[PDB]
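Colleague: I have a structure I would like to understand better, so I am pasting it below and will then ask my questions one at a time.
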Amino acid sequence: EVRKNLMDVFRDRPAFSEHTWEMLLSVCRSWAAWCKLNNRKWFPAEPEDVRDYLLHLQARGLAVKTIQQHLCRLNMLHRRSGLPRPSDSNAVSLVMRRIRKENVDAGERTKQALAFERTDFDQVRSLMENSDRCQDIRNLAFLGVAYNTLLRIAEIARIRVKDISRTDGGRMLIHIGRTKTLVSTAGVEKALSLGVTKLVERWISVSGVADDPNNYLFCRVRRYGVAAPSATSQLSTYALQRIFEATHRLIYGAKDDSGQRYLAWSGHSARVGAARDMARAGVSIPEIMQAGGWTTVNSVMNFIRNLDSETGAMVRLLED
Amino acid sequence: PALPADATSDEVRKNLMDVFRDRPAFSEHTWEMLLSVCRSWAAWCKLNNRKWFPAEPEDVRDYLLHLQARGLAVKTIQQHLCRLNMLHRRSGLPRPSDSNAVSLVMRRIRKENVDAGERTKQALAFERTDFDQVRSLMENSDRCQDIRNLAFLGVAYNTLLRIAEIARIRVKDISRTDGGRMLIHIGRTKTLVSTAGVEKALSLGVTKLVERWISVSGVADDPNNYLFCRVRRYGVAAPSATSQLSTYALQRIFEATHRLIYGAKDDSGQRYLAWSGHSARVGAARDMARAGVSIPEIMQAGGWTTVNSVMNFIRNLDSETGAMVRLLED
Amino acid sequence: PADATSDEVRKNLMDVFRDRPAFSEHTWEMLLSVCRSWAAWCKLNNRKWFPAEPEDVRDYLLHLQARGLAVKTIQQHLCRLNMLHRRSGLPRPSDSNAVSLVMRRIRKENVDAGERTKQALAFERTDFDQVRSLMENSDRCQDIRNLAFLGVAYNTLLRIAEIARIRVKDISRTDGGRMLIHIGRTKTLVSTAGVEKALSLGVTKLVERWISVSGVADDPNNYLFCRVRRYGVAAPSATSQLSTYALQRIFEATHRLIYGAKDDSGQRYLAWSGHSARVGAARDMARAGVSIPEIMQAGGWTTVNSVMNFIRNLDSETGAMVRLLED
Amino acid sequence: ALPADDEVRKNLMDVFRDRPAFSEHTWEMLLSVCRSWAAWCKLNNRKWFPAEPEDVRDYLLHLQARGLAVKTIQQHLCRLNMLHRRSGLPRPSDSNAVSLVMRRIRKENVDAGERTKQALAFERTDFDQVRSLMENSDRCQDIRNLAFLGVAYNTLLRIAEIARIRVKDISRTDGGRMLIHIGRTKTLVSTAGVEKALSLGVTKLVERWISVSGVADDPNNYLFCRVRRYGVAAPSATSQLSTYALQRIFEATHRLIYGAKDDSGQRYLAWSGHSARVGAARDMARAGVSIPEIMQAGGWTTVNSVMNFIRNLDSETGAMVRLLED
DNA sequence: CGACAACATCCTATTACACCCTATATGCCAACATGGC
DNA sequence: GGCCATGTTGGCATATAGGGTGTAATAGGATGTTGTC
DNA sequence: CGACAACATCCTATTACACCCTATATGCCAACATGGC
DNA sequence: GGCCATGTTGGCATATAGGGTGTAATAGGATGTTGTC
């Protein structure tokens, strides 16, 4: 049952995400390695061994949410085979909490993406607007779409040409079928502004993606400025990160050698940027939840949590 | 249903007896769909050598993947699975859907077909501009058919009723208000609580249309006669009071009206290429949204009970664009 | 009665009856009523009533149908037998195919014969204004109390039972003079935080007048409204609240005060009732163009379906579509 | 360890081994509830562990008979649930009887007239009146308290977070304001933000305190410290100012302004630790500041919680009021 | 005890809110249908 | 007889409503109660 | 052709979303604490 | 020493914030790959 069950879950691989099946195998790889190094059987995972293992991961210097992720992957591995979850016995459930508290006491916080607020969009726009290079048009159009629709980069990577339409006012409509939370055929329709519409029109006209309606919107642009529209090859998200990084480097310069995360703009920058800008502009809750595709408010808060408090509502209120 | 029959369980035999004892407990389009699904299931079971009752996880999974292989939609596969669940549950047997084997493959199909580019088709909008362009064409036609169809396009747009409800309208259902407007009192709606309301009113502009129809067709000669009936060739109307104009016929009216304006259809083989039964409702919703009518009044006009359903019909407007859109142009 | 059946069943039933206040009093009234009807039918028909057999219940529901009773009533009886058996720890009679299918069949048969659930006759803004201009100047105690009540019920959309449980210590105030009212227990929410219904200026004035003339402010624990005895003798109480029957008669007396008597057909909702206050206000908000989130806030709704269920009987003549097509 | 009484024993050793998994206060509530339960059980001759559903029922009804709030009883029940689930035993809340009497206690106590009380708001008007009273007085006490009320009203921080503020966590900006960096938050994610800022007046007040108290000597010193008789400041880098004294500031200020707390045995008759946040949220809602801004300024993660603070305002009186005022 | 206003109590019948669930519509085809020219 | 509108009837594909279940209210008539003349 | 810009691939570390469950703060009390006049 | 201002310490009472568990995404280095002047 716990052998010809997994091949039952493995049978329908696209039932779960790809990244899920990557991280599961990864965590299992690490777990197996640590188990072979310390002379311990790795299946089924016994609570004490799991405890010492999570303790090891803590001792190494890994974050809390990473360790919790391994424990969750072991949970999935066991539960998907009808076996008792490791996080059901106290020995693990408690040491997890202890690890969290001990790490937080050390002064540990979860990092967030670097803000890509409106002023940055403008400052960038006043640099690549004149330039008619196939790189600059694409990148600027992509920053525009990213800041306008608050979509994740993987979602912008799957935007086919046959999804773009138009409101009667001339604004573009992007239809998204699958997101991180929503997986429906009805999907959602994110509307673009006018400026972004011009920025993307100027890319569609030049790149030559208007040929096949099944073409991917954003595509790779090779060395000397030659585009390569494909309807089968999706533009990787890593490139979409490198675009943000390239822009940020273009403006502020190269980043240093500390090797720290979110020191430059990333794929999550536009989301938190638009969220912060909307929160700062008196936009109500349901509108912010709609613009970002959120079904909860805690998420919105978790996004706009790091607003610059010096120009906050309180400091402004204590003016009088 | 006596076309495929396998019997090994006799406890089940008592369970089906009550099902046949209370046939009216389910609608016609439910029994028809159940048979239409079970014949497919039995056929595929015969061609693949699998016992069709009681069904089981791994054998049903193959059937679902087979339905996906035929390029069918997700909601239709869900429909088949649901009918299988009905057949199983009404026989006192557990549902094959509960098992992880069928759930996982179901969600697999739902993910795959979504990534393949499957999109739910919303009906083509029949709006005020369209209807007025119809009323500029078929207005002074001596033909009885054009009068009937124009009156119908008036009722459908004005009342936002569904074709089956328009078909059930008898002559005695029509009242005259104090303001001379026609008050269509809905007869036998198959629902206790009719959220849309049980009396839909007409404007004067449509009232004169309906009046012209009844005075050039002669349906008001009998109080129990169906309002919209069939108009036979060379313009000979045929009242009934015992036979309804099929819904397909009304759909044919809509298709004829779209064809009459924008030419013949496409050789694409799809849905909602032309106007249909939902057209008047969607278009009216859009026209109320453009008129700044509040969502509650719209939902009360159509009879919807969910706001998102209405929001789907107006998502391509400028009224409900993004907040970021309004934030980026100031 | 009872009659020997299990030991775990008696213990469970006895356990449920023990903590009677956990459920509504009306739930118990109706449970005992349904059990009485079902038991009487059983003895008349020489059958056992516990545990209920799936085809004794069927004949019973068919009997109720042919008795002239409504669909939802039969439905309720079934749901209550279920409420008995599922608390007893027994299989529900609703889960057998006979009962469920005969239930659906009863519903469909009665609907196809022309049956619709009635709604309370609406008490709209125009009616509140008419009654206002009718009573507002009276020195008579009953008129003051009644008008104050109608004002509260129309302004707050509170169910009459919730209004009859309003104490003076529950009423606070805003700077603008607008009265605040704390409601602790409703039909959907049972919490200590409760809700804070806010009155307008005029309604506030009405309630102020009622408070002044009645003298219920002598104790914060007094119920806001109370019974008026002959010759206008007010009897403020803190131990005994006003019944909802009286609250209904207020509506009925007010309605017949304007539109004369009732006719002897026997149909329901010929005159105003307790629910009339809610419905009307809802149909006054939809017509006014009030957004959904603001309407759900003024009634304590968590679903839009109930709102639509409320305003479903709006006037189509002055509706949006007729307005739009006659431009 | 605590009130004594076989496979469960190993699991309780499991629980008591990893003790820093729960907060200290969690442990104290657990031990308190266990003590009350054990006492009531010994009085009525009942096996206090494993807790039977019936005995738990009688005990909950007893706690109700004592005149305790629904939330308190719920807390006791949740502690017994904690212990029982931590022992692998069936939680009493899962049984029918306990569920029934919990529902019952709820309905009956709500019908009794029980209410959840809101903290008395400490708004701008009150802060300015207080500032008008003190401000010039050259005593260390008044300076400290003024600075504290200032920071509390400015940052909307909870008193325990204000108590942990060290001098090294204070920064300065170009504008001439103060930037209080939260040293250690109790969590992994801070919705309220980890960088609070102060206005100019609040800045000059706080820095007046820092200047006159001598806490600037050590960057590791806590911002607010204990003040002794005749105004002797006691700067310490280890001994944190307690929360009860921090709210003593509030209620003593409320005494200085108004009268004295009337003997009714009630809460929120005076200002407490929550007063600043409530008052600030009310001031922002009054000023027209949107709900997201407020929720982020305070750290609240649900709209209704903030809506409760301003349920008595005029701008939020519902639609029927707008409909009728015509 | 009554009159009499104005209630409170009981009872069966019926509607109402909210969470989770599935049935019943419409879209549109190929396959028959039928009266009036 | 034939032709051609102008339909009608499963049948199958696909989308959208409506109902089950649980608990708690109101609707209203028949009857009982209660404090003054 | 060679450089090589401009990407895709892989693995591990870390965050994001959402439904659901419970932990950990504050309120305020009585009893105890300790410098500095 | 004494004594008061002015706190601090656990407790019980009450309320408000945060985490657990599942699934899916991104962050970014190290490494490999491909048209194209």
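Each chain in the structure tokens gets a letter, A, B, ..., in the order shown, and its residues are numbered from 1; ligands are numbered from 1 in order too.
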Kindly provide the residues of chain E that approach chain C to within 8 Å, each paired with its closest atom pair and their distance in Å to one decimal, based on only C-alpha atoms (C1' of nucleotides), listed by chain and increasing number, as CSV.
Modeller:
residue,atom,partner,partner_atom,distance
E:5,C1',C:230,CA,5.3
E:6,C1',C:229,CA,6.0
E:7,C1',C:246,CA,7.1
E:8,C1',C:243,CA,6.9
E:12,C1',C:33,CA,7.4
E:13,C1',C:73,CA,6.9
E:14,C1',C:73,CA,6.4
E:15,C1',C:117,CA,7.6
E:17,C1',C:306,CA,6.6
E:18,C1',C:303,CA,7.5
Colleague: Restricted to N, CA and C atoms (P, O5', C5', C4', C3', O3' and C1' of nucleotides), what would the selected residues look like written as a PDB file, in the first residue's frame?
Modeller:
ATOM      1  P    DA E   5     -62.522  48.145  24.446  1.00  0.00           P
ATOM      2  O5'  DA E   5     -61.017  48.666  24.333  1.00  0.00           O
ATOM      3  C5'  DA E   5     -60.579  49.726  25.170  1.00  0.00           C
ATOM      4  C4'  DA E   5     -59.327  49.335  25.935  1.00  0.00           C
ATOM      5  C3'  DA E   5     -58.106  49.009  25.066  1.00  0.00           C
ATOM      6  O3'  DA E   5     -57.049  49.903  25.375  1.00  0.00           O
ATOM      7  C1'  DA E   5     -58.384  47.420  26.809  1.00  0.00           C
ATOM      8  P    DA E   6     -55.814  50.076  24.366  1.00  0.00           P
ATOM      9  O5'  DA E   6     -54.858  48.842  24.723  1.00  0.00           O
ATOM     10  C5'  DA E   6     -54.374  48.693  26.048  1.00  0.00           C
ATOM     11  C4'  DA E   6     -53.658  47.366  26.226  1.00  0.00           C
ATOM     12  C3'  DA E   6     -52.790  46.910  25.040  1.00  0.00           C
ATOM     13  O3'  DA E   6     -51.463  46.665  25.486  1.00  0.00           O
ATOM     14  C1'  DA E   6     -54.078  45.141  25.889  1.00  0.00           C
ATOM     15  P    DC E   7     -50.223  46.768  24.469  1.00  0.00           P
ATOM     16  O5'  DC E   7     -49.234  45.609  24.955  1.00  0.00           O
ATOM     17  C5'  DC E   7     -49.513  44.248  24.632  1.00  0.00           C
ATOM     18  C4'  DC E   7     -50.046  43.496  25.840  1.00  0.00           C
ATOM     19  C3'  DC E   7     -49.435  42.121  26.050  1.00  0.00           C
ATOM     20  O3'  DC E   7     -48.272  42.227  26.860  1.00  0.00           O
ATOM     21  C1'  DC E   7     -51.825  42.099  26.394  1.00  0.00           C
ATOM     22  P    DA E   8     -46.965  41.357  26.518  1.00  0.00           P
ATOM     23  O5'  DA E   8     -47.311  39.896  27.076  1.00  0.00           O
ATOM     24  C5'  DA E   8     -47.338  39.657  28.479  1.00  0.00           C
ATOM     25  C4'  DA E   8     -47.734  38.220  28.778  1.00  0.00           C
ATOM     26  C3'  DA E   8     -46.803  37.158  28.201  1.00  0.00           C
ATOM     27  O3'  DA E   8     -46.676  36.075  29.112  1.00  0.00           O
ATOM     28  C1'  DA E   8     -48.980  36.881  27.306  1.00  0.00           C
ATOM     29  P    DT E  12     -49.113  20.971  18.271  1.00  0.00           P
ATOM     30  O5'  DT E  12     -49.296  21.439  16.753  1.00  0.00           O
ATOM     31  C5'  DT E  12     -50.591  21.442  16.168  1.00  0.00           C
ATOM     32  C4'  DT E  12     -50.634  22.341  14.946  1.00  0.00           C
ATOM     33  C3'  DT E  12     -49.845  21.835  13.732  1.00  0.00           C
ATOM     34  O3'  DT E  12     -50.650  21.935  12.562  1.00  0.00           O
ATOM     35  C1'  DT E  12     -49.241  24.055  14.226  1.00  0.00           C
ATOM     36  P    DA E  13     -50.086  21.448  11.139  1.00  0.00           P
ATOM     37  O5'  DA E  13     -49.611  22.803  10.433  1.00  0.00           O
ATOM     38  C5'  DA E  13     -50.545  23.856  10.223  1.00  0.00           C
ATOM     39  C4'  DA E  13     -49.883  25.046   9.549  1.00  0.00           C
ATOM     40  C3'  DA E  13     -49.019  24.704   8.329  1.00  0.00           C
ATOM     41  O3'  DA E  13     -49.357  25.560   7.244  1.00  0.00           O
ATOM     42  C1'  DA E  13     -47.811  26.058   9.836  1.00  0.00           C
ATOM     43  P    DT E  14     -48.581  25.439   5.842  1.00  0.00           P
ATOM     44  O5'  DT E  14     -47.382  26.487   5.978  1.00  0.00           O
ATOM     45  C5'  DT E  14     -47.668  27.845   6.271  1.00  0.00           C
ATOM     46  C4'  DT E  14     -46.397  28.676   6.297  1.00  0.00           C
ATOM     47  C3'  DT E  14     -45.416  28.415   5.146  1.00  0.00           C
ATOM     48  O3'  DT E  14     -45.285  29.594   4.353  1.00  0.00           O
ATOM     49  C1'  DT E  14     -44.305  28.616   7.243  1.00  0.00           C
ATOM     50  P    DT E  15     -44.257  29.652   3.117  1.00  0.00           P
ATOM     51  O5'  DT E  15     -43.032  30.510   3.684  1.00  0.00           O
ATOM     52  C5'  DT E  15     -43.241  31.867   4.062  1.00  0.00           C
ATOM     53  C4'  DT E  15     -42.111  32.375   4.940  1.00  0.00           C
ATOM     54  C3'  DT E  15     -40.796  32.678   4.208  1.00  0.00           C
ATOM     55  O3'  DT E  15     -40.353  33.993   4.531  1.00  0.00           O
ATOM     56  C1'  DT E  15     -40.399  31.365   6.122  1.00  0.00           C
ATOM     57  P    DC E  17     -33.830  35.958   7.752  1.00  0.00           P
ATOM     58  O5'  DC E  17     -32.360  36.575   7.668  1.00  0.00           O
ATOM     59  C5'  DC E  17     -31.462  36.131   6.646  1.00  0.00           C
ATOM     60  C4'  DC E  17     -30.458  35.126   7.189  1.00  0.00           C
ATOM     61  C3'  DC E  17     -29.188  34.966   6.342  1.00  0.00           C
ATOM     62  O3'  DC E  17     -28.037  35.246   7.123  1.00  0.00           O
ATOM     63  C1'  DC E  17     -30.083  32.852   6.946  1.00  0.00           C
ATOM     64  P    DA E  18     -26.596  35.333   6.420  1.00  0.00           P
ATOM     65  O5'  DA E  18     -26.026  33.841   6.522  1.00  0.00           O
ATOM     66  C5'  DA E  18     -25.769  33.267   7.795  1.00  0.00           C
ATOM     67  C4'  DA E  18     -25.190  31.872   7.651  1.00  0.00           C
ATOM     68  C3'  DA E  18     -24.105  31.729   6.579  1.00  0.00           C
ATOM     69  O3'  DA E  18     -22.999  31.003   7.101  1.00  0.00           O
ATOM     70  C1'  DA E  18     -25.795  30.114   6.248  1.00  0.00           C
TER      71       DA E  18
END
Colleague: Taking only C-alpha atoms into account, what are the residues of chain D at most 10 Å from chain C, put as JSON, numbers by chain?
Modeller: {"D": [69, 70, 71, 96, 97, 98, 99, 100, 101, 102, 103, 104, 105, 106, 107, 108, 109, 110, 111, 112, 113, 114, 115, 116, 117, 118, 308, 311, 312, 313, 314, 316, 317, 318, 319, 320, 321, 322, 323, 324, 325]}
Colleague: Quick one: write out the picked residues with C-alpha atoms as a PDB file, in the first residue's frame?
Modeller:
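In the end it all went to selection12.pdb:
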ATOM      1  CA  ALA D  69     -16.790  35.289  31.251  1.00  0.00           C
ATOM      2  CA  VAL D  70     -17.319  32.947  28.297  1.00  0.00           C
ATOM      3  CA  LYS D  71     -13.799  33.622  27.019  1.00  0.00           C
ATOM      4  CA  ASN D  96     -20.939  15.717  22.810  1.00  0.00           C
ATOM      5  CA  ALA D  97     -21.541  16.795  26.417  1.00  0.00           C
ATOM      6  CA  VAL D  98     -18.746  19.373  26.549  1.00  0.00           C
ATOM      7  CA  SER D  99     -19.737  20.806  23.168  1.00  0.00           C
ATOM      8  CA  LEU D 100     -23.345  21.094  24.334  1.00  0.00           C
ATOM      9  CA  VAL D 101     -22.549  22.821  27.628  1.00  0.00           C
ATOM     10  CA  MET D 102     -20.120  25.156  25.887  1.00  0.00           C
ATOM     11  CA  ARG D 103     -22.838  26.175  23.429  1.00  0.00           C
ATOM     12  CA  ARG D 104     -25.183  26.482  26.407  1.00  0.00           C
ATOM     13  CA  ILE D 105     -22.807  28.589  28.511  1.00  0.00           C
ATOM     14  CA  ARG D 106     -22.384  30.800  25.455  1.00  0.00           C
ATOM     15  CA  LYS D 107     -26.103  31.369  24.832  1.00  0.00           C
ATOM     16  CA  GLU D 108     -26.976  31.793  28.517  1.00  0.00           C
ATOM     17  CA  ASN D 109     -24.132  34.196  29.320  1.00  0.00           C
ATOM     18  CA  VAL D 110     -24.819  36.272  26.209  1.00  0.00           C
ATOM     19  CA  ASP D 111     -28.485  36.391  27.224  1.00  0.00           C
ATOM     20  CA  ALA D 112     -27.334  37.475  30.687  1.00  0.00           C
ATOM     21  CA  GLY D 113     -26.115  40.752  29.198  1.00  0.00           C
ATOM     22  CA  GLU D 114     -22.389  40.072  28.913  1.00  0.00           C
ATOM     23  CA  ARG D 115     -20.326  42.423  26.740  1.00  0.00           C
ATOM     24  CA  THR D 116     -16.718  42.601  25.561  1.00  0.00           C
ATOM     25  CA  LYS D 117     -15.481  45.998  26.722  1.00  0.00           C
ATOM     26  CA  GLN D 118     -13.442  48.341  24.538  1.00  0.00           C
ATOM     27  CA  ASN D 308     -14.842  48.074  15.928  1.00  0.00           C
ATOM     28  CA  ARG D 311     -18.241  51.946  15.276  1.00  0.00           C
ATOM     29  CA  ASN D 312     -19.496  54.995  17.183  1.00  0.00           C
ATOM     30  CA  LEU D 313     -18.287  57.580  14.665  1.00  0.00           C
ATOM     31  CA  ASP D 314     -20.628  59.557  12.409  1.00  0.00           C
ATOM     32  CA  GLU D 316     -19.499  55.151   9.749  1.00  0.00           C
ATOM     33  CA  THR D 317     -23.202  55.000  10.634  1.00  0.00           C
ATOM     34  CA  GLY D 318     -24.435  52.787   7.802  1.00  0.00           C
ATOM     35  CA  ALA D 319     -26.608  53.499   4.773  1.00  0.00           C
ATOM     36  CA  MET D 320     -30.039  53.701   6.422  1.00  0.00           C
ATOM     37  CA  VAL D 321     -28.958  56.853   8.250  1.00  0.00           C
ATOM     38  CA  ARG D 322     -28.010  58.537   4.966  1.00  0.00           C
ATOM     39  CA  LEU D 323     -31.298  57.344   3.470  1.00  0.00           C
ATOM     40  CA  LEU D 324     -33.417  58.677   6.336  1.00  0.00           C
ATOM     41  CA  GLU D 325     -31.598  61.977   6.916  1.00  0.00           C
TER      42      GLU D 325
END
Colleague: Would you mind reading off the distance between atom CA of residue 211 of chain C and atom CA of residue 171 of chain C, one decimal, in Å?
Modeller: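 According to the coordinates, atom CA of residue 211 of chain C and atom CA of residue 171 of chain C are separated by 11.4 Å.
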Colleague: Quick one: residues within 12 Å of residue 26 of chain G, only C-alpha atoms (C1' of nucleotides), excluding same-chain residues fewer than 2 positions away - as a list in words?
Modeller: residues 25, 119, 158, 159, 160, 243, 244, 246, 247, 267, 268, 272, 273, 274 and 275 of chain D; 24 and 28 of chain G; 13, 14, 15, 16 and 17 of chain H
Colleague: Write out, as JSON lines, each residue of chain C that has an atom at most 9 Å from chain B, together with the closest pair of atoms and their distance in Å to one decimal, counting only C-alpha atoms, rows going by chain and rising number.
Modeller:
{"residue": "C:96", "atom": "CA", "partner": "B:92", "partner_atom": "CA", "distance": 8.6}
{"residue": "C:97", "atom": "CA", "partner": "B:90", "partner_atom": "CA", "distance": 6.6}
{"residue": "C:98", "atom": "CA", "partner": "B:18", "partner_atom": "CA", "distance": 5.7}
{"residue": "C:100", "atom": "CA", "partner": "B:25", "partner_atom": "CA", "distance": 8.9}
{"residue": "C:101", "atom": "CA", "partner": "B:25", "partner_atom": "CA", "distance": 5.6}
{"residue": "C:102", "atom": "CA", "partner": "B:22", "partner_atom": "CA", "distance": 6.4}
{"residue": "C:103", "atom": "CA", "partner": "B:25", "partner_atom": "CA", "distance": 7.9}
{"residue": "C:104", "atom": "CA", "partner": "B:25", "partner_atom": "CA", "distance": 5.1}
{"residue": "C:105", "atom": "CA", "partner": "B:25", "partner_atom": "CA", "distance": 4.1}
{"residue": "C:106", "atom": "CA", "partner": "B:25", "partner_atom": "CA", "distance": 7.9}
{"residue": "C:107", "atom": "CA", "partner": "B:25", "partner_atom": "CA", "distance": 8.4}
{"residue": "C:108", "atom": "CA", "partner": "B:25", "partner_atom": "CA", "distance": 6.9}
{"residue": "C:109", "atom": "CA", "partner": "B:24", "partner_atom": "CA", "distance": 7.9}
{"residue": "C:111", "atom": "CA", "partner": "B:190", "partner_atom": "CA", "distance": 6.2}
{"residue": "C:112", "atom": "CA", "partner": "B:188", "partner_atom": "CA", "distance": 6.4}
{"residue": "C:113", "atom": "CA", "partner": "B:188", "partner_atom": "CA", "distance": 7.5}
{"residue": "C:114", "atom": "CA", "partner": "B:188", "partner_atom": "CA", "distance": 5.7}
{"residue": "C:115", "atom": "CA", "partner": "B:192", "partner_atom": "CA", "distance": 6.5}
{"residue": "C:116", "atom": "CA", "partner": "B:192", "partner_atom": "CA", "distance": 4.7}
{"residue": "C:117", "atom": "CA", "partner": "B:192", "partner_atom": "CA", "distance": 5.9}
{"residue": "C:118", "atom": "CA", "partner": "B:193", "partner_atom": "CA", "distance": 8.8}
{"residue": "C:286", "atom": "CA", "partner": "B:296", "partner_atom": "CA", "distance": 6.1}
{"residue": "C:287", "atom": "CA", "partner": "B:297", "partner_atom": "CA", "distance": 7.2}
{"residue": "C:288", "atom": "CA", "partner": "B:294", "partner_atom": "CA", "distance": 8.9}
{"residue": "C:289", "atom": "CA", "partner": "B:294", "partner_atom": "CA", "distance": 5.3}
{"residue": "C:290", "atom": "CA", "partner": "B:294", "partner_atom": "CA", "distance": 7.1}
{"residue": "C:291", "atom": "CA", "partner": "B:294", "partner_atom": "CA", "distance": 6.6}
{"residue": "C:292", "atom": "CA", "partner": "B:296", "partner_atom": "CA", "distance": 6.5}
{"residue": "C:304", "atom": "CA", "partner": "B:305", "partner_atom": "CA", "distance": 6.7}
{"residue": "C:305", "atom": "CA", "partner": "B:305", "partner_atom": "CA", "distance": 5.2}
{"residue": "C:306", "atom": "CA", "partner": "B:305", "partner_atom": "CA", "distance": 8.6}
{"residue": "C:307", "atom": "CA", "partner": "B:305", "partner_atom": "CA", "distance": 8.7}
{"residue": "C:308", "atom": "CA", "partner": "B:305", "partner_atom": "CA", "distance": 6.2}
{"residue": "C:309", "atom": "CA", "partner": "B:195", "partner_atom": "CA", "distance": 5.9}
{"residue": "C:310", "atom": "CA", "partner": "B:195", "partner_atom": "CA", "distance": 8.6}
{"residue": "C:311", "atom": "CA", "partner": "B:300", "partner_atom": "CA", "distance": 7.3}
{"residue": "C:312", "atom": "CA", "partner": "B:195", "partner_atom": "CA", "distance": 4.9}
{"residue": "C:313", "atom": "CA", "partner": "B:197", "partner_atom": "CA", "distance": 5.4}
{"residue": "C:314", "atom": "CA", "partner": "B:197", "partner_atom": "CA", "distance": 7.3}
{"residue": "C:315", "atom": "CA", "partner": "B:199", "partner_atom": "CA", "distance": 8.3}
{"residue": "C:316", "atom": "CA", "partner": "B:201", "partner_atom": "CA", "distance": 5.3}
{"residue": "C:317", "atom": "CA", "partner": "B:201", "partner_atom": "CA", "distance": 5.4}
{"residue": "C:318", "atom": "CA", "partner": "B:201", "partner_atom": "CA", "distance": 8.8}
{"residue": "C:319", "atom": "CA", "partner": "B:301", "partner_atom": "CA", "distance": 7.8}
{"residue": "C:320", "atom": "CA", "partner": "B:297", "partner_atom": "CA", "distance": 6.9}
{"residue": "C:321", "atom": "CA", "partner": "B:158", "partner_atom": "CA", "distance": 6.2}
{"residue": "C:322", "atom": "CA", "partner": "B:203", "partner_atom": "CA", "distance": 5.2}
{"residue": "C:323", "atom": "CA", "partner": "B:203", "partner_atom": "CA", "distance": 8.0}
{"residue": "C:324", "atom": "CA", "partner": "B:288", "partner_atom": "CA", "distance": 7.7}
{"residue": "C:325", "atom": "CA", "partner": "B:203", "partner_atom": "CA", "distance": 6.6}
{"residue": "C:326", "atom": "CA", "partner": "B:203", "partner_atom": "CA", "distance": 6.6}
Colleague: Please run DSSP on the backbone and report, as JSON, numbers by chain, all residues within segment 52-200 of chain C that come out as alpha helix (DSSP H).
Modeller: {"C": [57, 58, 59, 60, 61, 62, 63, 64, 65, 71, 72, 73, 74, 75, 76, 77, 78, 79, 80, 81, 82, 83, 84, 85, 86, 87, 88, 97, 98, 99, 100, 101, 102, 103, 104, 105, 106, 107, 108, 109, 110, 111, 125, 126, 127, 128, 129, 130, 131, 132, 133, 134, 135, 141, 142, 143, 144, 145, 146, 147, 148, 149, 150, 151, 152, 153, 154, 155, 156, 160, 161, 162, 163]}
Colleague: Please list as an MDAnalysis selection string every residue within 12 Å of residue 188 of chain A, counting only C-alpha atoms (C1' of nucleotides) and excluding residues in the same chain fewer than 2 positions away.
Modeller: (chainID A and resid 149 151 155 163 173:179 181:186 190:191 290:294) or (chainID B and resid 119:120 308 311:312 315:316 321:322)
Colleague: What gap, in Å, lies between atom CA of residue 3 of chain B and atom CA of residue 57 of chain B?
Modeller: 24.2 Å
Colleague: Just how far from atom CA of residue 271 of chain D is atom CA of residue 73 of chain D, in Å to one decimal?
Modeller: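 Calculated distance between atom CA of residue 73 of chain D and atom CA of residue 271 of chain D is 26.3 Å.
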Colleague: Select from segment 40-202 of chain C everything DSSP, run on the backbone, classes as strand (DSSP E or B), then give the selection as a PyMOL selection string.
Modeller: chain C and resi 167+171-173+179-185+190-198
Colleague: Taking only C-alpha atoms (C1' of nucleotides) into account, which residues of chain G are within 8 Å of chain D, as a JSON list (two decimals) with C-alpha atoms (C1' of nucleotides), in the first residue's frame?
Modeller:
[["chain", "number", "residue", "atom", "x", "y", "z"],
["G", 22, "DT", "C1'", -4.66, 27.85, 19.20],
["G", 23, "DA", "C1'", -1.12, 30.43, 21.46],
["G", 24, "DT", "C1'", 0.40, 34.74, 23.92],
["G", 26, "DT", "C1'", -2.93, 42.78, 28.19],
["G", 27, "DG", "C1'", -5.99, 44.13, 32.63],
["G", 35, "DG", "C1'", 16.97, 53.56, 47.15],
["G", 36, "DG", "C1'", 17.56, 58.41, 49.38]]
